[PDB]
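Working notes for the structure below.
Values reported hereafter were calculated over all heavy atoms of this structure, with side chains retained and with hydrogens, waters and symmetry mates removed. Lettering follows sequence order; numbering is per chain, from 1.
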12 protein chains.
Amino acid sequence: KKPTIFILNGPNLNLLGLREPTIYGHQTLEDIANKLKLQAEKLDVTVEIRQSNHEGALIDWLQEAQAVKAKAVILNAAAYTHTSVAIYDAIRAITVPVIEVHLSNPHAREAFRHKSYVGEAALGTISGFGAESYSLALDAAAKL
Amino acid sequence: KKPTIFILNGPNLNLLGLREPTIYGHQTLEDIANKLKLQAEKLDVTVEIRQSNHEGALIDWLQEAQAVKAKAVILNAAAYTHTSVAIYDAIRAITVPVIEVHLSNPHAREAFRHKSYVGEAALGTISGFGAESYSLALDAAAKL
Amino acid sequence: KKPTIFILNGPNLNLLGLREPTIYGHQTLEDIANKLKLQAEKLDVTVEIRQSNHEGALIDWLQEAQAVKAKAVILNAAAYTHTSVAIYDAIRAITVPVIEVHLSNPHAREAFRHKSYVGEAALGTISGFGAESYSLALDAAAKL
Amino acid sequence: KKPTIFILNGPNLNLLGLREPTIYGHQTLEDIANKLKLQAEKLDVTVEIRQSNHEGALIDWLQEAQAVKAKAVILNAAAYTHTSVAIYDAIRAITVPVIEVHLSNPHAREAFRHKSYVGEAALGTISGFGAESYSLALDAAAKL
Amino acid sequence: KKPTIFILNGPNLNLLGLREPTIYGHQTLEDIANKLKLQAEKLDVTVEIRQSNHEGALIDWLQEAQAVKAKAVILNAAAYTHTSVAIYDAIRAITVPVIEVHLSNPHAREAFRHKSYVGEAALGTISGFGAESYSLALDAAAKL
Amino acid sequence: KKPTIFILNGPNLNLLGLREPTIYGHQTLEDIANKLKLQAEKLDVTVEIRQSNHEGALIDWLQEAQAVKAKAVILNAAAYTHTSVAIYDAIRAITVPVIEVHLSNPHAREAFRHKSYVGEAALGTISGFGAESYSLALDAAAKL
Amino acid sequence: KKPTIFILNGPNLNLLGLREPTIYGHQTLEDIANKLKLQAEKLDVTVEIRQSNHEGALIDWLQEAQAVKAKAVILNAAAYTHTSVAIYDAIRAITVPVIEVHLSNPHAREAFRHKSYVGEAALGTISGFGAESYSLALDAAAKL
Amino acid sequence: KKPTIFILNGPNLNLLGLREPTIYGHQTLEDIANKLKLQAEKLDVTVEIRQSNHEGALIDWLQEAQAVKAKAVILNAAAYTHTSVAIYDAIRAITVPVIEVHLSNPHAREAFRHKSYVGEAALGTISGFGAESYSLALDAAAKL
Amino acid sequence: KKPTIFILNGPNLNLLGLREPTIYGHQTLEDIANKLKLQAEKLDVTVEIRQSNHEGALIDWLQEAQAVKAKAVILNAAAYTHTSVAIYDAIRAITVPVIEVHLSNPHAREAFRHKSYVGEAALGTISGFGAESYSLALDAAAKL
Amino acid sequence: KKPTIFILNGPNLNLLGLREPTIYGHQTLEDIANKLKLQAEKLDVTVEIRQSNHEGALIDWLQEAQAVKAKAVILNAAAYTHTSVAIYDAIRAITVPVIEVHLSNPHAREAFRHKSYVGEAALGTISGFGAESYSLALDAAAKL
Amino acid sequence: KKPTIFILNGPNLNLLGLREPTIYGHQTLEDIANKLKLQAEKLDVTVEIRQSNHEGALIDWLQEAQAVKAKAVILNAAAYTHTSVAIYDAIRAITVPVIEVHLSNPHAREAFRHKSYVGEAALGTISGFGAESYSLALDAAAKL
Amino acid sequence: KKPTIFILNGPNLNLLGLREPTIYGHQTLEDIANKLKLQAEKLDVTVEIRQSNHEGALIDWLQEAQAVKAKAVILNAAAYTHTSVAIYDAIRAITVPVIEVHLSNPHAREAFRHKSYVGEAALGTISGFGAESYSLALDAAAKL
C-alpha cells in the first residue's frame with residue numbers, strides 16, 4: 001500500500017502568480033501542485049493537495065488525514081498560521097506528524113507574522129525557499 | 001409544548017476518545033450526546049446537538065436558535081472560545097441565553113485559554129467536570 | 001457592462017433591526033440593500049450584495065470580485081474586522097480597491113474593536129453613519 | 001459516616017441583598033446557606049458554610065478541610081479570586097477537590113476579574129447562575 | 001442665514017502639496033478649501049475653514065462651534081488625533097456632531113497612528129480618499 | 001447622636017514617627033488621632049479611629065461603618081491601596097461615602113503606588129499634606 | 001500686599017454647567033471663581049484665576065507664578081493632566097508648591113485618566129468633591 | 001545577653017511533608033524548626049519561629065521584631081512574596097535586617113513567582129536548598 | 001546675506017540657571033544664546049534663536065524655517081520631545097535638516113524620556129554636553 | 001571550482017548526546033559533521049563546519065564567509081538566535097545567503113525561543129528534524 | 001580524590017574595590033579569591049576561581065566543569081545574568097549543580113536586574129551578603 | 001604625554017564601505033580612522049582606535065582605558081548598544097567619560113534600536129552624521 005501525504009494550503013495561496021506577473025513572479029499554486037505530484041512519483045508516495053480560504057476546511061482535512069492513517073501533513077495555513085488556536089489543537093489532537101511550510105520567511109515580515117500557532121504544534125517548519133519549501137517538506141515527510 | 005435546547009460543539013471535540021484510548025481516555029462525543037438525550041427525557045426538553053470545525057457554523061446555529069425561539073444554548077466553542085469576537089457578537093445579538101461549557105478547566109491550562117470571548121457574552125460558564133459539565137449545563141438550562 | 005461593485009457584509013449584520021426594534025433601531029439589512037440598489041440606479045452601476053457568518057466566504061468573495069474585474073468592494077467584515085489577518089491578506093493580494101464600512105463608530109466602542117485588519121489593508125474607511133456609511137461608500141466607489 | 005463538604009465565602013458576600021433591596025435583589029447569604037443546608041439533606045452530605053473578609057481565613061479553612069478528610073470544597077473567594085497566589089497554592093497543596101463558584105459571570109465584568117487564581121488551581125468552575133451556581137456546585141461535589 | 005459647518009485642520013496640513021510637488025503631489029490645502037466652499041454653495045450651507053499647528057486653537061474652535069449653534073464640525077486633527085485627550089474631551093463636552101477626516105488611511109501607516117482620540121469621541125470617520133474625504137464628510141454633515 | 005465618622009488606617013502607619021524621628025519626621029499616628037479628636041469637637045462629630053496591618057480588618061470596618069449608619073469613612077489603606085480588589089468591592093458595596101487619604105503623594109513615588117483600588121471606588125482623594133491630609137478629609141466629610 | 005495664589009484651569013473646564021444643564025448640572029466655572037474670591041477674602045490671600053484650552057498657557061502661568069513669588073498654585077490641568085510631560089517639568093522646575101485639583105475622581109473614570117503627570121510632580125492632590133475640591137485646595141494652600 | 005532572631009513562615013508552609021509523603025517528600029516544617037533550634041544552640045542565639053496563612057500576621061511579627069530590638073528576621077513569605085506591597089513596606093519601615101528564604105528556587109518555577117516584593121526590600125535572599133536555605137540564613141544572620 | 005540657522009528651544013529651558021543657582025548651576029538660556037551668536041560670527045552664518053512653552057510655536061517655527069530656505073534647524077523640544085507626534089510630522093514634512101539637541105542625556109533619566117519623536121524624524125542628535133551640545137550642533141549644521 | 005558552504009554551530013551544541021545518553025539521545029555533533037561531509041561529497045561542495053560558545057566567533061565566521069565568496073551559510077546560533085541583534089546585523093550586512101537551522105522546533109518550546117533575530121535576517125529556516133534539519137539545509141544551500 | 005568546585009565571575013567584577021575606595025569600599029576580587037581559597041582548605045575541597053568579561057568564557061568554563069566531573073559551580077554572571085539565554089542553556093545541559101551568587105541584592109536594584117537567566121536554571125541563589133554570598137555558596141556547595 | 005582617547009568600534013562596523021559601495025556609501029572604517037588620526041594631530045591628543053565583533057572585547061577595552069588613565073572613550077557599540085547590560089555596567093564602573101557615537105540615527109530605524117544601554121550610562125551621545133559623528137565626538141572629548 002502507498003503512504004499518502006496531505007498537502008494543505010490556506011487562504012489566498014490560490015492567487016499565487018496572478019497580480020502583475022512580470023513584477024511579483026510567474027509561478028502559480030497549480031504549477032507547485034504539478035512539481036509536487038512529479039516529486040511524489042520520484043519518492044513513491046501519493047500526495048493529496050488542497051486549498052481553501054476557510055479555517056474550518058483545514059481542520060476537517062487535518063482530521064480526515066488521521067482517519068485515513070496518512071503518513072504526514074504538509075501545512076501552509078497562510079494567515080490562519082498567526083490566528084488559529086483551532087488549527088493548533090487539531091495538529092496536537094491527531095497522531096499524524098505535521099510539517100509547517102511557508103514560501104516566504106514570516107520572521108522577515110510584519111511582527112504579527114512572527115506568531116505561529118502551527119509551529120507551536122508541528123514537528124517542524126520549512127520557510128522561505130518559495131516552491132522549494134514544499135519540495136524539502138515532501139522529501140523530509142517521505143523519510144519519516 | 002416542548003422547550004428545545006441547542007447544544008453546540010466546536011472544533012476537534014468530534015475527536016474525543018480516539019487517539020490512544022487506553023492512555024488519553026475512552027469516552028467519545030457520541031457517548032456524551034447519548035447521556036444528554038436520556039437526561040433530556042428525564043427533564044421534558046428536546047435537545048439539538050451539533051458539532052463543526054467551522055466558526056461560521058456555530059454563528060449560523062446561534063442565529064438559528066433565536067429564529068426557532070429556543071429556550072437556551074449550551075456552547076462549547078473549543079479553541080474558537082479564545083479567538084472569536086464574532087461568536088461574542090452572535091451571543092450578545094441574540095436574546096436566547098448561552099451557557100459556556102468546557103470538559104477541562106481552561107484556567108488550569110495555557111494562558112491563551114484564560115481568554116473567553118464566549119464567557120464575556122454568556123449568561124454563565126461550567127468548566128472542568130468532563131461530560132458532567134454538559135449534564136449540569138442541561139439541568140441549569142431546563143430551569144431557566 | 002455597467003461597472004459592478006461588490007458590497008460584502010460579515011457576521012451578525014443579517015440580524016440588523018430584528019432584535020427588539022423599538023430599542024436597537026427598526027432598519028434591517030434588506031432595507032439597506034434596497035436603499036443601495038436604488039442609489040446604484042441613480043449612479044449607473046450594478047451592485048452585488050452578500051452576507052455570511054463565515055470568514056472564508058468574505059475571502060472567496062474578495063477573490064471573486066478580482067476574477068470578475070469588479071470596480072470596487074465595499075466591505076463590512078463586522079467582528080472579523082478585528083481578528084482576520086486572512087481578510088487583510090485578501091485585500092492586499094487583490095488589485096480591486098476595498099472601502100471599509102461600519103454602521104457604528106468602532107473607535108467609540110470596546111478597545112478590542114479599535115483594531116482593524118481591514119482598515120490596515122483598505123483604501124479607505126467610512127464609519128458611524130448607520131446606512132449612510134454604505135451610501136457614502138457607494139458614491140465614493142462609483143467615482144473611483 | 002457522612003461526607004462533609006466545605007462551602008467557603010470570601011469578602012463582601014456577607015452584604016448580599018442589603019443595599020437598596022427593591023433595586024439590586026432581595027436574596028441574602030443566609031438565604032443561600034438555608035437553600036444549601038436543605039439541598040444537603042436531599043443529597044445525604046453535611047455542609048460546613050463559612051464567610052470571612054480575611055484571605056488568611058479562607059486558607060486556614062482550605063487546610064482544615066484537608067485535615068478533616070472533607071470530600072470537597074466549594075469556594076467563592078470573591079475579590080481574592082483575582083489577587084490570591086496564596087489561595088492558589090493552598091488549593092494545589094491539598095488533595096481535596098475545589099469547585100470555584102461565582103454568583104455573577106466574572107468574564108462579563110471588569111477585565112481585572114478575568115484573572116482567577118482559584119480557577120488556575122481548581123478542578124472546575126461554575127459561574128453566573130446566582131444562588132443556582134452554589135446548588136449546581138453542591139450536586140457536582142456530591143457525585144465526586 | 002444658513003446652517004454653518006466648521007471644517008478644522010490641524011498641524012502640518014497647511015504644507016500639503018509644497019515639498020517637491022513633482023514627487024509628493026500637486027494639490028494644496030487652499031485647493032481643498034476652494035473645492036469645499038463650492039460644494040457648500042451646491043448644499044446650501046456656510047462653511048468656516050481653519051488651520052492651526054496649535055492643539056489649543058482646535059479646542060477653542062470646537063467650543064466656538066457649539067457657542068454659534070453650528071450644525072456640524074469636520075475635524076482633521078492630523079498628528080493631534082493620536083495624542084490629544086483634550087480634543088477628545090472637547091468633542092464629548094459639546095453637542096455639535098464631529099466627523100473625523102483624514103486624507104490618508106491612518107490604519108495603513110505607522111502603528112502610533114492607529115490610535116484616534118478624535119475617533120473615540122466623534123460621530124463618525126472618513127479616511128483615505130484625499131480631498132474626497134472632506135467632500136464626503138461635507139455631504140454627510142449637510143444631511144445630519 | 002453626633003454623626004460618627006470612621007477613620008481607618010492600614011498597615012505600617014502605626015510606625016509613623018518611631019523610626020529615626022530626626023530623619024523620617026517626629027509626628028506619630030497617636031499625635032494625628034489627637035489632632036483629629038480636637039478638630040472633631042470644633043466640627044460637632046464623633047470620630048472612630050482604628051489601624052490594622054490586616055486587609056480583612058479594613059473590610060470588616062468598612063462594613064461595620066455601614067451597619068452603624070456612619071456619615072463617612074476616611075480611609076488610608078497604605079500599601080493595600082495598590083493591591084486590594086477586596087477593599088475596592090467593600091467601598092462599592094457600602095452606601096457610606098469613602099474619602100481616600102495619603103500622608104505622602106503616592107504619584108510622586110514608585111510606579112506601583114500609582115495604582116489605587118481605593119481611589120477607583122471612593123468619592124474622592126486627599127494626598128500629600130501629611131496630617132493635614134486627614135484634617136482636610138475630616139472638614140470635607142463633616143460637610144457631606 | 002498679601003500672599004498671591006494662582007488657580008489655573010485647563011481645557012474644557014470653561015464649559016462646566018452649559019451643555020443640557022437640567023441633565024449634567026447647573027454650576028459653572030465663573031460660579032466657582034466667585035466662591036473662591038470670597039473664600040480668599042476670609043483667608044487674607046489674593047487669588048489669580050485663569051483658564052485656557054492651551055497647554056502652553058498653563059506653563060507660562062506656572063512660570064509667571066514663580067517670577068511673582070506666589071505662595072502656591074492650584075492646578076486643574078483637565079485632559080493635559082494625562083498627557084503633559086511639559087507641565088510635569090514646569091512644576092518640578094519652579095519652587096512654588098502646586099496642588100492638583102479635579103472636580104471628578106479621575107481614578108473612578110477611564111483608565112487613561114489614572115495617569116497624572118501633574119500628580120507625579122505636585123505636592124498634593126484633591127479630587128472628587130466638585131467645587132469643594134478647589135475650596136479644600138485653597139484652605140490647604142493658605143496654611144502652607 | 002542573647003541576640004533573638006525571628007524566623008517567619010507564610011501560608012501553606014505548615015503543610016510541608018503531608019500530601020503523599022512517599023511521593024512529594026518526608027521532611028516537615030517542625031523538623032526544620034527542630035534543626036534550627038539546635039543550630040541556634042551551636043550559634044549562641046535564641047530563635048523565634050512562627051507560621052501563619054495571614055499576610056497581616058507576618059507584618060505584626062516584622063513590627064514586633066523591631067519593638068524587641070531583634071538582631072535579624074529570616075522571612076519565607078511563601079505566596080505573599082509575589083503579592084505583598086504591605087510586607088515590602090514593613091521590611092523597609094523597620095531597621096532590623098530581613099533575609100528572604102525559599103526552600104525551592106522561585107526563578108525555576110512559574111513566571112509569577114519571579115516577582116519578590118520581599119527581595120525588593122530585604123538585605124538578601126537564599127533560595128533553593130530546601131531546609132539548608134534556613135540553616136545558611138541563620139549562620140549569615142548570626143554573623144550580622 | 002548668509003545661510004540662516006534656526007535654533008528652537010521648547011518649554012522650561014527659559015528657566016535654566018534661576019531656581020537656587022548655588023545648587024542647580026549658574027548658566028542661563030541667554031548665556032547660551034550669547035555663546036551661539038558669537039560662534040555664528042566665527043562660522044559665517046546668521047542664527048535665529050527662539051523659545052516657547054507652546055508646542056504649536058515650535059511647529060510654526062519649523063515651517064517658517066522651510067519657507068525662508070534655512071540651511072538647518074537645531075531643535076531642543078524639551079518635554080515635547082517625548083509627546084509630540086506633531087513635531088515629528090513637521091520635521092518629516094519640511095526639507096530643512098533638523099538636529100536634535102539636549103543639555104542632559106535623556107537616556108540617563110526617567111524611562112519616559114527615552115522616547116524621542118524628534119529623534120525619530122531628525123538627521124541626528126547631540127545630547128549631554130550642556131551648552132557644548134548646542135555648540136557641536138552649530139558646527140555640524142554649518143558644515144552641512 | 002568547488003562552492004564552499006559554512007555550517008556554523010553556536011553555544012552548547014558541542015554537548016549533543018553526552019548527558020545520560022540512554023535517556024536524552026545517542027547522536028553527537030561530530031556524528032552530524034560526519035553525515036554532512038559525506039552528503040557534501042554526493043553534492044560536489046566543500047563544507048566548513050565550526051562551533052563556538054562565543055557570539056563574536058559566529059559574527060567573525062559570517063564575515064569570513066563573505067570575504068571568501070562562500071556560496072551559503074547554514075547557521076544554528078542556538079541560544080544567541082533569541083538575543084543577538086549583532087548576528088542579525090552580520091547576516092544583513094553580508095551578501096552570502098544564510099539558512100537558519102534548529103534540531104528542535106523552537107516554537108514548540110519556551111516563549112522566549114519564539115523570537116529569532118537570525119530568522120528576521122536569514123533567507124529561510126529549517127527546524128525540528130534533528131540532524132535531518134542540517135541535511136535539508138545543505139541540499140537547499142547546494143541548489144542556491 | 002578532592003572534589004573540585006568552579007567559582008566563575010562575569011564582567012566588571014574584576015573592578016571590585018578600585019573606584020574611590022574610601023567611598024565605595026576597599027575589598028577587591030583577589031581579596032575574595034584569597035578568603036575562598038582559605039575557606040576551601042577548612043572544607044577539604046579545591047576551588048578553581050576565574051573571571052572574564054566574555055559571555056562565551058563563562059559557557060566554556062561551565063562545560064569544562066562538566067568534563068572534569070566538578071562537584072559544583074558557583075556562578076556570578078554579573079550583567080550576563082539578565083541577558084544570557086546561552087548561560088541558562090549551559091547550566092541546564094550540564095549535570096553539575098550551579099549556585100547563583102550576587103554581592104548585591106539584584107531585586108533591590110533596577111527592574112532590568114530582576115530577570116535572572118542563571119536563577120531560572122540553577123539549583124539555588126545566594127544574594128546580597130557581599131563576599132559572605134560566596135562563602136555561604138561554598139559551604140552549601142561542599143555539603144552537596 | 002599627550003592625553004590618549006580610546007575610540008572603540010563594535011561588531012560589523014569593520015564592513016563599512018565594503019558591501020556594494022555604489023549603494024551603501026564608499027567610505028570605510030580605515031578612512032574614518034585616517035580622518036581621526038589627522039584631527040587628533042590638529043587637537044594635540046593621541047587616539048587608540050579598535051574594532052571587535054566581541055562584546056567582551058569592548059568591556060576589556062573600557063576597563064583598559066581606565067587602567068591607562070585615558071582622558072575619554074568614544075564608543076560605537078553597534079548592535080551591542082541595544083543588548084549589552086554588561087557594557088552599561090562597564091561604563092558606569094569606570095571614571096573615564098564615555099561618548100556614545102552612531103553613524104546613522106538609530107531612533108530613525110527599527111524600534112529595537114531605540115534602546116541604548118550605552119546611552120543610559122554615557123556622558124553624551126552623537127548620532128546620525130556618519131564619520132562627522134566621530135569627528136564631533138573627538139572635538140568634544142578633547143575639550144573635556
Side-chain angles (χ1 to χ4, degrees), chain A residues 55-56 59 80 82-89 112 115 117, chain B residues 6 8-13 52-63 65-66 73-94 96-107 109-127 133 137, chain C residues 10-13 15 53-55 77-87 104 106 109-118, chain D residues 102 104-116 119 125 127-128:
Chain A
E55 180 177 24
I59 295 158
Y80 290 138
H82 318 303
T83 60
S84 189
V85 175
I87 286 165
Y88 159 92
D89 271 343
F112 67 80
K115 177 70 178 181
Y117 280 114
Chain B
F6 281 57
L8 298 182
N9 292 302
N12 303 303
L13 284 167
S52 174
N53 303 325
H54 300 242
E55 178 179 19
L58 303 177
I59 294 157
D60 298 333
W61 293 337
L62 287 161
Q63 299 183 350
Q66 208 199 192
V73 178
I74 295 167
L75 175 59
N76 187 346
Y80 290 141
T81 306
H82 319 302
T83 60
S84 190
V85 178
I87 286 162
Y88 159 93
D89 271 350
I91 298 159
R92 280 189 102 220
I94 74 178
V96 179
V98 181
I99 298 169
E100 191 182 7
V101 155
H102 307 290
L103 297 163
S104 70
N105 174 3
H107 281 264
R109 295 177 69 193
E110 318 107 307
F112 67 79
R113 297 198 198 267
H114 296 183
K115 173 75 178 180
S116 178
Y117 281 114
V118 171
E120 288 177 31
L123 175 68
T125 299
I126 304 177
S127 294
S133 292
Chain C
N12 301 300
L13 287 167
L15 302 186
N53 305 321
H54 300 250
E55 179 175 18
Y80 290 138
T81 309
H82 319 305
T83 61
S84 191
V85 177
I87 284 161
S104 68
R109 296 178 68 193
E110 312 109 307
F112 66 80
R113 300 198 198 267
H114 296 182
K115 175 73 172 180
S116 180
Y117 280 113
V118 170
Chain D
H102 309 286
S104 70
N105 172 5
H107 284 257
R109 295 181 65 199
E110 316 109 305
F112 67 80
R113 298 198 201 267
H114 295 183
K115 177 70 178 181
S116 177
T125 302
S127 291

Response to the item:
When every non-hydrogen atom of B/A78 is compared with those of B/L13, the smallest separation belongs to CB-CD1, 4.1 Å
Worksheet item: To the nearest 0.5 Å, what is the distance between OG1 (C/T81) and CD1 (C/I87)?
Response: 7.5 Å
Worksheet entry | Residue list, salt bridge (charged side-chain N to carboxylate O under 4.0 Å, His left out) with B/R92, at least two apart or on another chain | C/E110
Practice prompt. Answer yes or no: is there a side-chain heavy-atom contact under 4.5 Å between B/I126 and B/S133?
Written response: yes
Worksheet item: Do we get B/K115 above B/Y117's six-membered ring, with its NZ or CZ under 6.0 Å from the centre and within 45° of the axis?
Response: yes
Worksheet item: Between OG of D/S127 and CD1 of B/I99, what distance do you get to the nearest 0.5 Å?
Response: 12.0 Å
Worksheet entry | B/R113 vs A/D89, side-chain contact (heavy atoms from CB on, under 4.5 Å): CA-CA, chis, key distance, verdict | CA-CA 12 Å; B/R113 297 198 198 267; A/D89 271 343; 2.9 Å; yes
Item to complete: Any chance you could lay out the side-chain contact (heavy atoms from CB on, under 4.5 Å) test for B/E120 and B/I91, step after step, and finish with the verdict?
Response: CA-CA 9 Å; B/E120 288 177 31; B/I91 298 159; over 6 Å; no
Worksheet item: Any idea which heavy atoms bring D/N105 and B/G124 closest together, and the distance?
Response: ND2-N, 4.2 Å
Worksheet item: Are the side chains of B/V118 and B/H102 in touch, meaning some heavy atoms are under 4.5 Å apart?
Response: no
Practice prompt. May I ask you to test the A/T83-B/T83 pair for a side-chain heavy-atom distance under 4.5 Å?
Written response: no
Worksheet item: Which residues satisfy the ring-ring contact (aromatic ring centres under 6.0 Å, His included) test with B/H114, sequence neighbours excluded?
Response: B/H107
Worksheet entry | Heavy-atom pair with the smallest gap, counting every atom of B/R109 and B/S104 | NH1-OG, 3.1 Å
Response to the item:
Rounded to the nearest 0.5 Å, the CD atom of B/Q66 sits from the CG atom of C/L15 at a distance of 6.5 Å
Worksheet entry | Heavy-atom closest contact (B/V101 atom, B/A137 atom, distance) | CG2-CB, 3.5 Å
Worksheet item: Who pairs with A/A86 by side-chain contact (heavy atoms from CB on, under 4.5 Å), at least two apart in sequence or on another chain?
Response: A/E55, A/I59, A/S84, B/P11, B/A79, B/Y80
Worksheet item: Short question: side chain of C/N53, backbone of C/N12 - any donor-acceptor pair under 3.5 Å?
Response: yes
Discussion item. For B/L62 versus B/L8, what's the shortest heavy-atom pair and its separation?
Written reply: N-CD1, 4.0 Å
